[PDB]
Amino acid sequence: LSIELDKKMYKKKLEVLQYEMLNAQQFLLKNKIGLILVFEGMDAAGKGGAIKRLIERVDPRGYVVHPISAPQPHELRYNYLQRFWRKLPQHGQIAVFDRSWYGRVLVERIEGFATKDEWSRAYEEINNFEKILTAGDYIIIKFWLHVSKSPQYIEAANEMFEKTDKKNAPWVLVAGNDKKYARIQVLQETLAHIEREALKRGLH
């Protein structure tokens, strides 16, 4: 159930998965392929928990995790994507975004920070940004975490999912009620995408 718990075997599985993640990093580094991981969800959904578990055994030299907050005034002097462009990883490196550019079609939309034209146009803008990256030597995965203006958020999220879920930049939905499930799920999904990419290129 969502009201389920798993244990002890969890701990063993986590370690294995975490080590598999280390191996992934080694691959990414060697083949100079960047990884951008996006975590979006409502507060208390377990984003940060998942992030911690994902990179526990990864070398800190290899990754940077970015907490994303509302744009400050100096950020508003440029286009909305610029902040993210500055925080992009170099090839071989991992960038994790706690919240992200998807803010445009989520919070900004709900709280009226973005005009309707602005947020309506954004899905395609975002898709085009991600494609510029994915066409080259970046991998992107996006994670949404749900725990049982909340209705308005679900509506916004769905449209996000419809318009911006793409093969090269998938949206993965994770049930967060059991934190352990979620942490395992995030690791499993991250690893699989990387393996499929390794297959797409002739690697490992």
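Note that residue numbering begins at 1 and tracks the sequence as displayed.
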property: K149 preceded by how many uncoordinated deposited residues after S148; result: 10 or more
property: Higher-scoring stretch by recorded Cα B factor average, 5-13 or 191-199; result: 5-13
property: Which of 136-144 and 151-159 has higher mean CA B factor, as the PDB entry lists it; result: 151-159
property: Member of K116, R83, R104, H74 with the greatest C-alpha B factor (per the PDB record); result: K116
property: Candidate residues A50, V65, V172, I36, the one whose C-alpha B factor the record puts highest; result: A50
property: Chain third (lowest, middle, highest) by recorded CA B-factor, residue given as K32; result: highest
property: Third of chain Cα B-factors occupied by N177; result: highest
property: Modelled-residue ranking by C-alpha temperature factor, third containing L54; result: lowest
property: CA B-factor placement of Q90, once the chain's modelled residues are sorted into thirds; result: highest
property: For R109, the third of its chain into which the C-alpha B factor falls; result: highest
